[PDB]
RNA sequence: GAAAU
DNA sequence: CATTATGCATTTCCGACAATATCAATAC
DNA sequence: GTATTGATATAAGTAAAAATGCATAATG
Ligand SMILES: *O[C@H]1[C@@H](O)[C@H](n2cnc3c(=O)[nH]c(N)nc32)O[C@@H]1COP(=O)(O)OP(=O)(O)OP(=O)(O)O
């Protein structure tokens, strides 16, 4: 008993701020059937789910028509899209809230101030079965939002203090190639490093067959993505859109030191490790050469390393007696 | 030996001049040893320090620091020797194709011959000193930037080679300089070892070991990698306490012997150092035009003005210096001295599970604390260095050689200590020569004190009355400058106010003020010099009357008038009665009105005006929460007031801007023969150029920057070659032409005044607009300023400027689109068809320009018969040259001749009327 | 941060 | 040509200001 | 055959794309 907008309604929306949305109910139901969120969430009737940047909201409408959670809220500040959502979804079990998801204060006010959306805190033993977050960051200029969300996954502050919360993220295919980069690939970046350190991700859907060449073939064949054409998104001129599933994992290291080590090591991702240690600090080359016994590790480049060797190097940096003060690693070009 | 005290004690003029001559002949050796370079001196000092430390066993002080420097040099020298030997061996190869082509061919052939010249020990010393001097620069907390590192070492080595040339390939490529600097810095990083202590968390005990002194790392600033060298904390703490003198002597200091007068574009200033007459940084056009003008010898008046500016002798004000020393030694932050800050303190780290907003706020707070601490230390170090220079030169006579920037304004050669510094530096300087006050000396000293306190708008009689009323506390402050009433700190310029109060007390104590001897400079500052120059250029009676150009009983103030206009506008807005109006009703500040009204006529934008008013509203804190929106409201109102008030300044500005645009969008006819390969839309290599009345040429250097990565050993630095001529910055040139013109006019007037004062026999010091002379000579100084201003502005400067543009840029072409339907275009299309018939394809503007240049050469060709044939040829520019209405034609792309807009009408206003305007310059 | 327009 | 973008008056001095590494096509 | 040239990503709250403070330059 929930209406679903169509492309006739969607063509009346002048501004999308660069965000691309899929409007095909066939693609949404295929994606949901592949995902099978029911096994993880035993009782959807008591499930609480929060959505960020709904935009069109057909995904939210189909999700409700399928599972019917107890509470489902949308966070918006875009004027035209918010007005359209309010007009279409008024007098419905769905709920729409006019708050900008970008602001950090938004979540703190929404949860810790006036009880509007209260999740349940769960231990890091298993994926939370009472909280779920869905976002849409297809905008090209909002990569920093996704990276800050990954850092928040690492720091257990923004919304992952409630436990291991599964995250669905509509997000650009170029960033998909960036994040889903196995060691040795030419697209390996610190984004991928933090992705594999903090989470384990699976790719679900992608709007372009050509983009699948970049990704790892074994990962593609194991995931079996639901490929779909480029005619299911109203803005055609935009770049291809992919989907990822974010599942936090347990980790035992110091986030600040690990971040510093990765950032200052894999700047020179093509150089061999026999010389990159000099960038870490003073005497780092000699210290790591003396400490490390595995000679193959030194021959391996930072683009060939993985989270295990990164944690090993972080531990070596920790028991380095003369490690530099990583707190003050910044430039003082600041307004005064 | 207090030379100033001895000179003042000498009672006879003959023996005074004899003592001055003896001091001058005595100080030659001291000046030479001060001006001498630092390489050999530092080498010998380090050698002696190492030998005495060897004799005494060891040390743990800056002596040990110099011993470590000697050890670094001794270990480095074999490496540089081996590198030079390798370069020499590789340069003797008869022929090879790929002999280490990755490394040897690309680099050793690049920087072999350049490195093989200079002494390896000299290069070692230079690179060590350069890297040690470069500390905490480039925005790096504990190190410095690689891009500056490689260039500074390369530039210093080239300058060292030039020093070897004068003892007997004029300029080195930027890539070669960067490569040499990177190579030497790499060798230094490989060698420099420093011991350091640490505690192993597993061991939980102190560890003794050695670590490299320098490290090459990368830092991220908003997503951009930075090349950073990091200096070890031991070296940081062992170099912090030596200031800028103990480690190595400075290079630019005030002299003691008479400065060498300006004769050529390079001959002047320091005796054993060459200083360019123009502050040309990376402007080949500027240096070329300056060389041509110097060869033509038409800047003798500029030479005379600079000689007069740099001939005046100075000395350090002993009393104010003692007061400043007492305040600094007391340790507490005074009005100007920041004070002693012990060390850094950082806020405690919030829990890692706290809110990301909280973490961001903590990070911002830490960054702010770090920036504030660094800025305060730097300020305290600079003040300490100024005090050190003042104490070193206390009691002696000082000379200040001057220099000019491309606009023509005058600047001292010594930047650390000068009369252009802050209030403390200005107060710590007095003239060496003392002159009797005469009848008007007391009056002028009183005027100087009163307008130092900020009462310069009020008439001279009221200023004298103010000083007479406050003489009691003047005497009080003079008797006890510290631990007393402290009346001088209530002034706008406390240190100069203190000095003037001392002089006034000395006058008051003496029975006869007529015969007193004074050394205090008296500042005679003009009011609204830019608006004055507009008034003189346009001949507008209203503007001249507003800017005190005409004689008057009371001095009118444009700033006060427009402030009252803003008062009226806001009291009209009181009907709306917004919060901004209610807050800003009785708090419109003459300082913000000053800045905005003054800078409106130079092409200021709305954003710039908002920033200026917000910045000047910050100290008084009318809107402590956020002043930006109210600043925008005020900018709107003041802009409305200025647009309704000013009407001829705007006309001159608009004409200059349109001329600048037309110049910046043109191209040379025959010079464009070079294959720029763009075909239809060429590049622009035309910069606005004109000559000052003094004869100094001016070249605006606004050009695009071609920054490219160049491969070096350390990294691929991102620098730009300054020798690559690039297309001009049209917007920059158009926005900067009027201010450059006005400041050039101001500098020309100042130089004429200085030359005439030197001829008349006065002591002249000029802080740009304001002029400084003795208290007795103020009347003759005012007379000579007025005479020189009449001489300068009695000619139609704007008309002569347009004539200069027309003479210089007669044979120029400006590309302008023309409507297809135009009947004249049909002839143009037919002509270009012939230009297409010979070419066989679409007509090219390059070929059209070449054809146009063919006709122009024939007009000046020696052959009269061919000149008639040359006049027979017709082109697109030739066809239009018969038509004067350029706007009539203004589709198809057609070449157009360069025609500058006609000057605005010259208003009728006699300039000589200022001979009796006592308030013109005050 | 300082100086001038 | 109506539509869309770019930078915001000038100059001097000071530790000011200010990217680099990796990988593709290509030009030779 | 290979070396020079151009493109792209890094980190990640100085958002970005709506607006607008605005004049002028660059778009298709
Ligand atoms: O107040 C200044 C000062 O503390 C410091 N600062 C910034 N630039 C300089 C400089 O060239 N020289 C000195 N001695 N101090 C400097 O920072 C404060 C201003 O910070 P901003 O980021 O606004 O600085 P910027 O250079 O961009 O502008 P300005 O305010 O100094 O003109």
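Numbers run from 1 along the shown chain.
Each Cβ is built from the backbone N, Cα and C atoms, and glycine gets one as well.
Among the features that Swiss-Prot reports, S-adenosyl-L-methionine binding site is placed at A:22, A:76, A:100, A:136, with the record citing sequence analysis. Residue A:136 (S-adenosyl-L-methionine binding site) counts 26 other C-beta atoms within 10 Å of its own C-beta, drawing on all protein chains shown.
Across the residues the record lists as binding S-adenosyl-L-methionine (A:22, A:76, A:100, A:136), the two Cα atoms farthest apart are 21 Å from each other. The binding-site residues listed here are A:76, A:100; among them, A:76 has the most other Cβ atoms within 10 Å of its own Cβ. When secondary structure is read from DSSP and collapsed to three states, residue A:136 (S-adenosyl-L-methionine binding site) falls in the strand class. Summarising the environment of residue A:22 (S-adenosyl-L-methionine binding site), the number of other Cβ atoms within 10 Å of its Cβ, over all protein chains shown, is 22. Classification of residue A:22 (S-adenosyl-L-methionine binding site) by DSSP places it within a strand.
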